[PDB]
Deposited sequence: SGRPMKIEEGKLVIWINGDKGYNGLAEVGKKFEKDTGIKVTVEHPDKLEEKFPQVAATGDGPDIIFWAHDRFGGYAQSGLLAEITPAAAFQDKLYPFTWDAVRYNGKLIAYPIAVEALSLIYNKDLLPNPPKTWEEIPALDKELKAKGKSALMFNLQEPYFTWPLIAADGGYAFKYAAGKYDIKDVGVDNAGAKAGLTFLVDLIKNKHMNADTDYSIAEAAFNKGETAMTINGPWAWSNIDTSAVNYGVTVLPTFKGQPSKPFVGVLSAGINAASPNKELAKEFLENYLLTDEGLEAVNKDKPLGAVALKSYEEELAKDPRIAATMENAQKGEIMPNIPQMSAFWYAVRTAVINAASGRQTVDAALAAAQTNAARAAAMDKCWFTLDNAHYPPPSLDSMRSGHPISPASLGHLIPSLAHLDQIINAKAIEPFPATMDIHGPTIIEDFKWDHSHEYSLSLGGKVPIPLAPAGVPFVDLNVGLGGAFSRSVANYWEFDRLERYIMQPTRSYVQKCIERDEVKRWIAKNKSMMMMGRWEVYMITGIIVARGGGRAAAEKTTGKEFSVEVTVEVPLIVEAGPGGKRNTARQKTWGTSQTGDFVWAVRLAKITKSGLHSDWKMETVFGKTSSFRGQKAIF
């Protein structure tokens, strides 16, 4: 489904209640006429940043909150603006889970955590410790069953055992997550992963077990236990298994520490239906009846809406979910969490199969997570210049004064003195929002932009803040830009035959303003555009429609500047 004004496209993982969500979308369509298309594509948490950059993703994306901070860093999420009356309807804990740089960047839906699900008929008294599971599996293999089966392919399900005796992702200190203090290869994490590998080495579990294998085995009554969240309860209801939901087993006397996720709905920063999305999420989904329809499809856990949460609070399965959640930790939403998960996923798979030892798997995972890096760089400093920032009022004016303002078309970064569309910027359509000012760095005079800024600005200490203004050009907006007389005449100045039917232009699609308040004076202490983001618009020939992409890494020219961040 293609995103378009007048419709809503929603992405939600295939294990959630997407049919119940679609029913809420049908009611929204009945009242308003706005069609709501719900989809559950594979690997949506990885597809979203790619398709959202191209402006061809969903209007609303559902996922656990850990991914949304990385989306917010890239500016892919619209800041949600709920009234105080609506914020009072949701628990403050859930609002805190969807906060990035102080701003709310998603609507919290429900708190979810892993629990131990056991067959009350096969196992009337579940084991309280991980250590007693081998002996239990031996007795259950004698009766034609197995003790425990759960998804060994995703680190989300193995992590509670890994973190039980001291494993952790990123240490929280000084009010921040220290991305250089990873606890993936410490003694606690080694003991946890070793116990898991020993369970496989002793044939108590198979390292190839995934989500489908474990769900089918438990719902058929072939294994006495599994580990899963509330979304899986309804499938067990359909089966003939009298099941229970209780605490995860302890390890070395310590409780298993599941990573607590908060299912959240973010709004695409490039969506042209932000008001429709806000209306659907606030007035239809985040209601007793919208959440009821979703929860009846696939249970959500402890929902964020206080009214429906109080209604479901008597459910003992929710109480077990809350107990495991209290014994665990909330997931960080820092952008490095994606690298953390990939590293731990590789480590568990390589240790469970025997490809690597536990020490070698976790050591490589520690390095890859702390070396998250790979932050594809698209920001170029404006060297040998001090361009004052454009006022937010003038950015939509069609003729901003500063050369470094959004919408300006330049031959190259080295030719910011040659604005092609100077004072003739094609009007931004009402769908193209300018996202900003976004505080990306609070200066208080390694990690952060302080090093790049201090190395680039002689009077760096005289500025306290960096503010980002981002826009995303649409195909139709660029088509109107390249059809204006200023661009047509600039293209027509070509004299070469090798460039006939060929062109390239750069559009300023992002600015980062330094806010304050060799010998330099008062002019250098004033605000200025420190960095810019560019989109390269190119037509390669007659039979090729023009393409556009954000300039990453470096620019292609003589003295091609390198992207600092």
property: Regions left out of the model, expressed as runs of the deposited sequence counted from 1; result: 1 to 4, 450 to 477, 550 to 587
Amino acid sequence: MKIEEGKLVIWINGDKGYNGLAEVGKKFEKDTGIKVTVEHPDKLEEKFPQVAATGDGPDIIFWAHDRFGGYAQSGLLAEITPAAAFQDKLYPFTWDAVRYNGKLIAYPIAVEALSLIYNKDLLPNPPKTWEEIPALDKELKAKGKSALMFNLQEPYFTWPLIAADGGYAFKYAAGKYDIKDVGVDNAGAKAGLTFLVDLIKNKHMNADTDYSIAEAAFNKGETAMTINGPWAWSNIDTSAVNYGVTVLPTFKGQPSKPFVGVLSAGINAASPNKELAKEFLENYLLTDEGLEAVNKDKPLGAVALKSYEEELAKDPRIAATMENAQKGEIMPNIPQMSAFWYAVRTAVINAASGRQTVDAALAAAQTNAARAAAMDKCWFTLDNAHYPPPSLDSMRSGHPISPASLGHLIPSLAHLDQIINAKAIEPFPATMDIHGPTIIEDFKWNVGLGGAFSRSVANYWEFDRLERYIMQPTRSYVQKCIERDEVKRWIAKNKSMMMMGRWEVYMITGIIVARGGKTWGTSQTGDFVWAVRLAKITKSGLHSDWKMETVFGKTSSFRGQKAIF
From here on, numbers count along this sequence of modelled residues.
property: Average Cα temperature factor in the PDB entry - higher stretch of 412 to 420, 368 to 376; result: 368 to 376
property: Selected stretch [higher average CA B-factor]: 168 to 176 or 336 to 344; result: 168 to 176
property: Maximum C-alpha temperature factor, selected from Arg468, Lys278, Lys488, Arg475; result: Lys488
property: Of the residues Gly510, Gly516, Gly70, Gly501, the one carrying the largest Cα B-factor as recorded; result: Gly516
property: Ranked against its chain, the third holding the CA B-factor of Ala363; result: lowest
property: Chain third (lowest, middle, highest) by recorded CA B-factor, residue given as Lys539; result: highest
property: Chain third (lowest, middle, highest) by recorded CA B-factor, residue given as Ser264; result: lowest
property: Cα B factor band for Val241 (lowest, middle or highest third within the chain); result: highest
property: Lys298 by Cα B-factor - lowest, middle or highest third of the modelled chain; result: lowest
